[PDB]
>>> print(open('entry.txt').read())   # compact mmCIF, C-alpha atoms
# COMPACT_ATOMS: atom_id res chain seq x y z
CA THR A 87 -17.77 20.33 -26.51
CA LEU A 88 -17.16 17.29 -24.32
CA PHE A 89 -14.66 15.49 -22.09
CA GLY A 90 -13.70 12.48 -24.06
CA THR A 91 -12.92 8.96 -23.09
CA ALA A 92 -10.87 8.44 -19.94
CA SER A 93 -10.00 4.89 -19.01
CA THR A 94 -7.93 3.03 -16.46
CA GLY A 95 -6.40 -0.41 -16.46
CA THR A 96 -5.21 -3.12 -13.99
CA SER A 97 -5.35 -0.95 -10.93
CA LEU A 98 -5.78 -2.29 -7.42
CA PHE A 99 -8.09 -0.37 -5.06
CA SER A 100 -9.02 2.35 -7.49
CA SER A 101 -11.65 5.04 -7.68
CA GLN A 102 -12.33 7.32 -10.60
CA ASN A 103 -15.00 9.93 -10.57
CA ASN A 104 -16.32 11.21 -13.84
CA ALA A 105 -18.58 14.13 -14.51
CA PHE A 106 -19.38 16.96 -16.84
CA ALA A 107 -19.54 19.32 -13.87
CA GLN A 108 -17.80 18.19 -10.68
CA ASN A 109 -17.77 20.19 -7.47
CA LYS A 110 -15.23 18.99 -4.92
CA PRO A 111 -14.51 15.41 -6.05
CA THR A 112 -12.36 13.45 -3.73
CA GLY A 113 -9.96 10.58 -3.44
CA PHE A 114 -10.28 8.19 -0.63
CA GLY A 115 -10.51 9.69 2.86
CA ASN A 116 -10.35 7.71 6.14
CA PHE A 117 -8.60 4.31 6.05
CA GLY A 118 -7.26 2.77 9.22
CA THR A 119 -8.42 4.17 12.47
CA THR B 87 -13.11 21.91 -27.80
CA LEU B 88 -12.57 18.97 -25.47
CA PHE B 89 -10.14 17.27 -23.09
CA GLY B 90 -9.13 14.18 -24.90
CA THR B 91 -8.38 10.70 -23.75
CA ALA B 92 -6.43 10.32 -20.53
CA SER B 93 -5.58 6.81 -19.42
CA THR B 94 -3.60 5.06 -16.73
CA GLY B 95 -2.06 1.63 -16.53
CA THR B 96 -0.96 -0.97 -13.92
CA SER B 97 -1.18 1.33 -10.96
CA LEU B 98 -1.72 0.14 -7.40
CA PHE B 99 -4.10 2.16 -5.20
CA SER B 100 -4.95 4.77 -7.77
CA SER B 101 -7.57 7.45 -8.16
CA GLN B 102 -8.16 9.60 -11.20
CA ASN B 103 -10.83 12.21 -11.36
CA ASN B 104 -12.05 13.34 -14.71
CA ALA B 105 -14.29 16.23 -15.58
CA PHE B 106 -15.01 18.96 -18.05
CA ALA B 107 -15.26 21.45 -15.19
CA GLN B 108 -13.61 20.45 -11.91
CA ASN B 109 -13.68 22.59 -8.79
CA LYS B 110 -11.22 21.50 -6.11
CA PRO B 111 -10.48 17.87 -7.06
CA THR B 112 -8.40 16.02 -4.60
CA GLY B 113 -6.01 13.17 -4.11
CA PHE B 114 -6.41 10.90 -1.21
CA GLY B 115 -6.74 12.55 2.20
CA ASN B 116 -6.69 10.71 5.56
CA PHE B 117 -4.94 7.31 5.68
CA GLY B 118 -3.69 5.90 8.95
CA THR B 119 -4.95 7.45 12.10
CA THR C 87 -8.41 23.44 -29.02
CA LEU C 88 -7.94 20.60 -26.55
CA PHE C 89 -5.59 19.01 -24.02
CA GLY C 90 -4.52 15.84 -25.67
CA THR C 91 -3.81 12.42 -24.36
CA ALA C 92 -1.96 12.18 -21.06
CA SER C 93 -1.15 8.72 -19.78
CA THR C 94 0.75 7.09 -16.95
CA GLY C 95 2.27 3.66 -16.56
CA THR C 96 3.30 1.18 -13.81
CA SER C 97 2.99 3.60 -10.97
CA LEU C 98 2.34 2.57 -7.38
CA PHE C 99 -0.10 4.68 -5.34
CA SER C 100 -0.87 7.17 -8.04
CA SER C 101 -3.48 9.84 -8.62
CA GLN C 102 -3.97 11.86 -11.76
CA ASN C 103 -6.64 14.45 -12.11
CA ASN C 104 -7.76 15.44 -15.55
CA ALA C 105 -9.96 18.29 -16.61
CA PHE C 106 -10.61 20.91 -19.22
CA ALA C 107 -10.94 23.52 -16.47
CA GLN C 108 -9.40 22.66 -13.10
CA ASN C 109 -9.56 24.94 -10.08
CA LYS C 110 -7.18 23.96 -7.29
CA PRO C 111 -6.41 20.30 -8.06
CA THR C 112 -4.40 18.55 -5.45
CA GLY C 113 -2.03 15.72 -4.77
CA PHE C 114 -2.53 13.58 -1.80
CA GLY C 115 -2.96 15.38 1.53
CA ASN C 116 -3.01 13.68 4.97
CA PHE C 117 -1.26 10.29 5.28
CA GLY C 118 -0.12 9.03 8.65
CA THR C 119 -1.47 10.70 11.69
CA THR D 87 -3.68 24.92 -30.16
CA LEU D 88 -3.29 22.19 -27.56
CA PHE D 89 -1.02 20.70 -24.90
CA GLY D 90 0.10 17.47 -26.38
CA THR D 91 0.77 14.11 -24.89
CA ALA D 92 2.52 14.01 -21.54
CA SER D 93 3.29 10.61 -20.09
CA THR D 94 5.10 9.10 -17.14
CA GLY D 95 6.61 5.70 -16.56
CA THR D 96 7.55 3.34 -13.67
CA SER D 97 7.16 5.88 -10.94
CA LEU D 98 6.40 5.00 -7.33
CA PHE D 99 3.90 7.19 -5.46
CA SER D 100 3.22 9.57 -8.29
CA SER D 101 0.63 12.20 -9.06
CA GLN D 102 0.23 14.09 -12.30
CA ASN D 103 -2.42 16.66 -12.84
CA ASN D 104 -3.44 17.50 -16.35
CA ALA D 105 -5.60 20.31 -17.60
CA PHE D 106 -6.17 22.81 -20.33
CA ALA D 107 -6.58 25.53 -17.71
CA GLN D 108 -5.14 24.82 -14.26
CA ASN D 109 -5.39 27.22 -11.35
CA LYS D 110 -3.10 26.37 -8.44
CA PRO D 111 -2.31 22.68 -9.03
CA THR D 112 -0.39 21.05 -6.30
CA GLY D 113 1.96 18.25 -5.42
CA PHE D 114 1.38 16.24 -2.38
CA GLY D 115 0.85 18.17 0.86
CA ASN D 116 0.69 16.63 4.36
CA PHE D 117 2.42 13.25 4.87
CA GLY D 118 3.47 12.14 8.32
CA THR D 119 2.03 13.94 11.25
CA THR E 87 -22.39 18.68 -25.15
CA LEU E 88 -21.71 15.55 -23.11
CA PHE E 89 -19.15 13.66 -21.03
CA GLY E 90 -18.25 10.74 -23.16
CA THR E 91 -17.45 7.19 -22.36
CA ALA E 92 -15.30 6.54 -19.30
CA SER E 93 -14.41 2.94 -18.56
CA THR E 94 -12.26 0.98 -16.15
CA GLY E 95 -10.73 -2.46 -16.34
CA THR E 96 -9.47 -5.27 -14.03
CA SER E 97 -9.51 -3.23 -10.88
CA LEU E 98 -9.84 -4.72 -7.41
CA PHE E 99 -12.08 -2.90 -4.90
CA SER E 100 -13.07 -0.09 -7.19
CA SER E 101 -15.71 2.61 -7.18
CA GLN E 102 -16.48 5.01 -9.98
CA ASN E 103 -19.15 7.62 -9.76
CA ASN E 104 -20.57 9.03 -12.92
CA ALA E 105 -22.84 11.98 -13.41
CA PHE E 106 -23.71 14.91 -15.59
CA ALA E 107 -23.78 17.14 -12.51
CA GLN E 108 -21.94 15.87 -9.43
CA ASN E 109 -21.82 17.74 -6.14
CA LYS E 110 -19.20 16.42 -3.72
CA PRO E 111 -18.52 12.89 -5.02
CA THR E 112 -16.30 10.84 -2.85
CA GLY E 113 -13.89 7.97 -2.76
CA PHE E 114 -14.13 5.46 -0.05
CA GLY E 115 -14.25 6.81 3.51
CA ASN E 116 -14.00 4.69 6.69
CA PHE E 117 -12.25 1.29 6.41
CA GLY E 118 -10.82 -0.38 9.47
CA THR E 119 -11.88 0.88 12.81
CA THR F 87 22.15 -8.13 29.10
CA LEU F 88 19.77 -6.88 26.42
CA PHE F 89 19.21 -4.29 23.70
CA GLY F 90 16.52 -2.11 25.09
CA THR F 91 13.62 -0.36 23.51
CA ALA F 92 14.19 1.26 20.14
CA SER F 93 11.28 3.11 18.59
CA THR F 94 10.54 5.28 15.59
CA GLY F 95 7.87 7.85 14.91
CA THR F 96 6.03 9.48 11.95
CA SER F 97 8.34 8.20 9.30
CA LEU F 98 7.33 7.72 5.67
CA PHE F 99 8.57 4.59 3.88
CA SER F 100 10.52 3.19 6.78
CA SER F 101 12.09 -0.13 7.64
CA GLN F 102 13.66 -1.09 10.93
CA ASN F 103 15.17 -4.45 11.56
CA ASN F 104 15.55 -5.62 15.10
CA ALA F 105 17.42 -8.59 16.44
CA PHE F 106 19.52 -9.93 19.24
CA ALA F 107 21.99 -11.29 16.69
CA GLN F 108 21.89 -9.76 13.21
CA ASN F 109 24.12 -10.86 10.36
CA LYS F 110 24.15 -8.47 7.42
CA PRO F 111 20.94 -6.45 7.90
CA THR F 112 20.12 -4.14 5.11
CA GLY F 113 18.31 -1.00 4.14
CA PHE F 114 16.27 -0.92 1.05
CA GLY F 115 17.98 -2.13 -2.13
CA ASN F 116 16.55 -1.81 -5.67
CA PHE F 117 13.98 0.95 -6.28
CA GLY F 118 13.35 2.25 -9.77
CA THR F 119 14.61 0.23 -12.63
CA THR G 87 19.17 -12.10 27.96
CA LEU G 88 16.71 -10.73 25.42
CA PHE G 89 16.07 -8.03 22.83
CA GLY G 90 13.42 -5.91 24.39
CA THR G 91 10.48 -4.10 22.98
CA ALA G 92 10.95 -2.34 19.66
CA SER G 93 7.99 -0.42 18.29
CA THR G 94 7.17 1.87 15.40
CA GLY G 95 4.48 4.46 14.91
CA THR G 96 2.55 6.22 12.09
CA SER G 97 4.78 5.05 9.31
CA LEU G 98 3.66 4.73 5.70
CA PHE G 99 4.85 1.68 3.74
CA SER G 100 6.88 0.16 6.51
CA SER G 101 8.48 -3.19 7.19
CA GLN G 102 10.15 -4.29 10.38
CA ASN G 103 11.67 -7.67 10.82
CA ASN G 104 12.15 -9.00 14.29
CA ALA G 105 14.06 -12.02 15.45
CA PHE G 106 16.24 -13.48 18.12
CA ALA G 107 18.64 -14.72 15.44
CA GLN G 108 18.43 -13.04 12.04
CA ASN G 109 20.57 -14.02 9.08
CA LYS G 110 20.52 -11.50 6.24
CA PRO G 111 17.32 -9.51 6.91
CA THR G 112 16.42 -7.08 4.24
CA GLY G 113 14.58 -3.90 3.47
CA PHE G 114 12.46 -3.69 0.44
CA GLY G 115 14.07 -4.77 -2.83
CA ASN G 116 12.53 -4.30 -6.32
CA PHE G 117 9.94 -1.51 -6.73
CA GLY G 118 9.21 -0.06 -10.14
CA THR G 119 10.39 -1.96 -13.12
CA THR H 87 16.16 -16.01 26.75
CA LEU H 88 13.62 -14.54 24.34
CA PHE H 89 12.90 -11.73 21.89
CA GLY H 90 10.31 -9.69 23.62
CA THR H 91 7.32 -7.82 22.38
CA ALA H 92 7.69 -5.91 19.12
CA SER H 93 4.70 -3.95 17.92
CA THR H 94 3.79 -1.53 15.17
CA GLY H 95 1.09 1.08 14.87
CA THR H 96 -0.93 2.96 12.18
CA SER H 97 1.22 1.91 9.29
CA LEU H 98 -0.01 1.74 5.71
CA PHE H 99 1.12 -1.22 3.58
CA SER H 100 3.23 -2.86 6.22
CA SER H 101 4.85 -6.23 6.71
CA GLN H 102 6.61 -7.46 9.79
CA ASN H 103 8.15 -10.86 10.05
CA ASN H 104 8.73 -12.34 13.44
CA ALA H 105 10.67 -15.40 14.41
CA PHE H 106 12.93 -16.97 16.95
CA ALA H 107 15.25 -18.10 14.15
CA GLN H 108 14.94 -16.27 10.83
CA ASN H 109 16.99 -17.13 7.77
CA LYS H 110 16.85 -14.49 5.04
CA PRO H 111 13.68 -12.53 5.89
CA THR H 112 12.70 -9.99 3.36
CA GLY H 113 10.84 -6.78 2.78
CA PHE H 114 8.63 -6.44 -0.17
CA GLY H 115 10.13 -7.38 -3.54
CA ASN H 116 8.49 -6.76 -6.95
CA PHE H 117 5.89 -3.96 -7.16
CA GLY H 118 5.06 -2.37 -10.48
CA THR H 119 6.15 -4.13 -13.58
CA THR I 87 13.11 -19.88 25.47
CA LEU I 88 10.50 -18.31 23.20
CA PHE I 89 9.71 -15.39 20.89
CA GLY I 90 7.17 -13.43 22.79
CA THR I 91 4.15 -11.51 21.72
CA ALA I 92 4.42 -9.47 18.54
CA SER I 93 1.39 -7.45 17.51
CA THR I 94 0.40 -4.92 14.89
CA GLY I 95 -2.31 -2.31 14.79
CA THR I 96 -4.40 -0.31 12.24
CA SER I 97 -2.34 -1.23 9.24
CA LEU I 98 -3.68 -1.25 5.70
CA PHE I 99 -2.61 -4.12 3.41
CA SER I 100 -0.42 -5.87 5.92
CA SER I 101 1.21 -9.26 6.21
CA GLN I 102 3.06 -10.62 9.19
CA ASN I 103 4.60 -14.02 9.25
CA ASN I 104 5.28 -15.64 12.56
CA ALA I 105 7.25 -18.74 13.33
CA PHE I 106 9.59 -20.42 15.73
CA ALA I 107 11.82 -21.42 12.82
CA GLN I 108 11.41 -19.46 9.59
CA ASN I 109 13.37 -20.17 6.44
CA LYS I 110 13.15 -17.42 3.83
CA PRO I 111 10.01 -15.51 4.86
CA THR I 112 8.95 -12.86 2.47
CA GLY I 113 7.07 -9.63 2.08
CA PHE I 114 4.77 -9.17 -0.78
CA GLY I 115 6.18 -9.96 -4.23
CA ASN I 116 4.43 -9.19 -7.56
CA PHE I 117 1.83 -6.39 -7.58
CA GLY I 118 0.90 -4.66 -10.80
CA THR I 119 1.90 -6.29 -14.00
CA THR J 87 10.02 -23.68 24.11
CA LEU J 88 7.35 -22.02 21.99
CA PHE J 89 6.49 -19.01 19.84
CA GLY J 90 4.00 -17.13 21.89
CA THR J 91 0.95 -15.17 20.99
CA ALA J 92 1.13 -12.99 17.89
CA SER J 93 -1.92 -10.94 17.05
CA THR J 94 -2.99 -8.30 14.57
CA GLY J 95 -5.70 -5.68 14.66
CA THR J 96 -7.87 -3.59 12.27
CA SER J 97 -5.90 -4.37 9.17
CA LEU J 98 -7.35 -4.24 5.67
CA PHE J 99 -6.35 -7.01 3.23
CA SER J 100 -4.09 -8.86 5.59
CA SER J 101 -2.45 -12.26 5.69
CA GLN J 102 -0.51 -13.74 8.55
CA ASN J 103 1.03 -17.15 8.42
CA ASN J 104 1.81 -18.90 11.63
CA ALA J 105 3.80 -22.04 12.21
CA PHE J 106 6.21 -23.81 14.47
CA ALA J 107 8.35 -24.69 11.45
CA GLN J 108 7.84 -22.58 8.32
CA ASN J 109 9.70 -23.16 5.08
CA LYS J 110 9.41 -20.30 2.61
CA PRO J 111 6.30 -18.44 3.81
CA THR J 112 5.17 -15.69 1.57
CA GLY J 113 3.29 -12.45 1.38
CA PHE J 114 0.90 -11.87 -1.39
CA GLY J 115 2.20 -12.51 -4.91
CA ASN J 116 0.36 -11.60 -8.15
CA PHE J 117 -2.24 -8.80 -7.97
CA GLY J 118 -3.26 -6.93 -11.08
CA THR J 119 -2.37 -8.43 -14.38
CA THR K 87 6.89 -27.43 22.68
CA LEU K 88 4.15 -25.68 20.72
CA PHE K 89 3.23 -22.58 18.72
CA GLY K 90 0.81 -20.79 20.92
CA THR K 91 -2.27 -18.80 20.20
CA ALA K 92 -2.18 -16.49 17.20
CA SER K 93 -5.26 -14.41 16.54
CA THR K 94 -6.40 -11.66 14.20
CA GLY K 95 -9.10 -9.06 14.49
CA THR K 96 -11.34 -6.86 12.25
CA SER K 97 -9.47 -7.51 9.07
CA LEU K 98 -11.01 -7.23 5.62
CA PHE K 99 -10.10 -9.89 3.04
CA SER K 100 -7.76 -11.84 5.25
CA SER K 101 -6.13 -15.24 5.15
CA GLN K 102 -4.10 -16.84 7.88
CA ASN K 103 -2.57 -20.23 7.56
CA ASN K 104 -1.69 -22.13 10.67
CA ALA K 105 0.31 -25.28 11.06
CA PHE K 106 2.79 -27.15 13.17
CA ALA K 107 4.84 -27.89 10.05
CA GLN K 108 4.24 -25.66 7.03
CA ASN K 109 6.00 -26.10 3.71
CA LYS K 110 5.64 -23.13 1.37
CA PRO K 111 2.56 -21.32 2.75
CA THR K 112 1.37 -18.49 0.66
CA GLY K 113 -0.52 -15.24 0.66
CA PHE K 114 -2.98 -14.54 -2.00
CA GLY K 115 -1.79 -15.03 -5.59
CA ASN K 116 -3.73 -13.99 -8.73
CA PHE K 117 -6.32 -11.20 -8.35
CA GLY K 118 -7.44 -9.20 -11.35
CA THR K 119 -6.64 -10.55 -14.73
>>> encode(input="entry.txt", output="C-alpha cells")
Amino acid sequence: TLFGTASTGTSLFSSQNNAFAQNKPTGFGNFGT
Amino acid sequence: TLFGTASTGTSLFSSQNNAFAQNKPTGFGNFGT
Amino acid sequence: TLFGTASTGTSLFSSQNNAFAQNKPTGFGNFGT
Amino acid sequence: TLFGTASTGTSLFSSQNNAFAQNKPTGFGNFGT
Amino acid sequence: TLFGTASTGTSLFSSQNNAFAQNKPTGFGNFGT
Amino acid sequence: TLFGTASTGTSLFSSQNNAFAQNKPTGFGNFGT
Amino acid sequence: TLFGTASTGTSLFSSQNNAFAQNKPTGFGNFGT
Amino acid sequence: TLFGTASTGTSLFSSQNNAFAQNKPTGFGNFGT
Amino acid sequence: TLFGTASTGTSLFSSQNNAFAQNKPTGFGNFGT
Amino acid sequence: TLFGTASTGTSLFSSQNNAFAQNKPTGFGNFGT
Amino acid sequence: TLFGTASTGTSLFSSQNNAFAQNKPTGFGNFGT
C-alpha cells in the first residue's frame, strides 16, 4: 500500500518531487526573463 | 498494491514527479520570456 | 496489482511523471515566449 | 494484474507519463509563442 | 502505508521535495532576470 | 554592397548561419543514433 | 561592404554562427547516442 | 568593411560564435550518450 | 576593418565565442554520459 | 583593425571566450557522468 | 590592433576567458561524476 522506490541518475538541472499525496506538483516555471 | 520502481538515467534538464496520488502534475512551464 | 518498473535512458530535456493514480498529468507547457 | 515494464532509450526532448490509472495524460502543449 | 525510499544521484542544480502530504510543490521558479 | 537584415522568430530548435562569405554552411547533421 | 544585422528571437535550443568569412560552419551534429 | 551587429534574444540553450575570420565553427556536438 | 558588436540576451545555458581570428570554435560537446 | 565589443546578458550557466587570436575554443565538454 | 571590450552581465555559473593569444581555451569540463 505504498509508492515504492523511485530514483534518478546523472541528470543535470533536475527536480523530482515525491509524495504520498501530491496536489498540483510542478516542473520548473520561469527561467530567463 | 503499489507503483513500483521507476527510474531515469543520464538525462539533461529532467524532472520526474512521483506520488501515490497525484492531482495535476506538470512538466516544465515557462522558459524564455 | 501494481504498475511495474518504467525507466528511461539517455534523454535530453526529459520529464516523466509516475503515479498510482494520476489526474491530468502533463508534458511541458510554455517554452519560448 | 499489472502494466509491466515500459522503457525508452536515447530520445531527445522526451516525456513519458506512467500510471496505474491515468486520466487525461498529455504530451507537450505550448512551445513557441 | 507509506511512500518509500526515493533517491537521486549525481545531479547538478537539483531540488527534490519530499512529503507525506504535499500541497502545490514546485520546481525552480525565477532564474535570470 | 551588403546582405541586409535577416531575422527569425519563435522557432524551436533553430540554427541560422550568417556570413558575408560562406563556404559550405550546413543545417543540422547527426541526431539520433 | 558589410553583412548587416541578423537577429533571432524566442528560439529554443538555437545556434547562430556569424562571421565575415566563414569556412564550413555547421549546425548541431551528434545528439542522442 | 565589417560584419555588423548580430544579436539573439530569449533563446534556451543557445550558442553563437562570432568572428571576423572563422574556420570550421560548429554547433553543439555530443549530447546524450 | 572589424567585426562589430554581437550581443545575446536572456539565454539559458549559453556559450558565445568571440574572436578576430577563430580556428575551429565549438559549441558544447559531451553532456550526459 | 579590431574585434569590437561583444556582450551577453541574463544568461544562466554561460561561458564566453574572447580573444584576438583563438585556436580551438570550446563550449562546455563533460557534464554528467 | 586590439580586441576591444567584451563584457557579460547577470549570469549564473559563468566563465569567460580573455586573451590576446589563446591556445585551446575551454568551457567547463567535468561536472557530476
>>> atom_distance(input="entry.txt", atom1="CA of residue 110 in chain G", atom2="CA of residue 104 in chain F")
11.7 Å
>>> closest_atom_pairs(input="entry.txt", of="chain K", to="chain I", cutoff="9 Å", atoms="only C-alpha atoms", output="tab-separated table")
residue	atom	partner	partner_atom	distance
K:89	CA	I:106	CA	7.4
K:92	CA	I:104	CA	8.8
K:113	CA	I:114	CA	8.2
K:115	CA	I:116	CA	8.8
>>> axis_aligned_box(input="entry.txt", around="range 95-101 of chain B", padding_each_side="5 Å", output="lines of an AutoDock Vina configuration file")
center_x = -4.3
center_y = 3.2
center_z = -10.9
size_x = 16.6
size_y = 18.4
size_z = 21.3
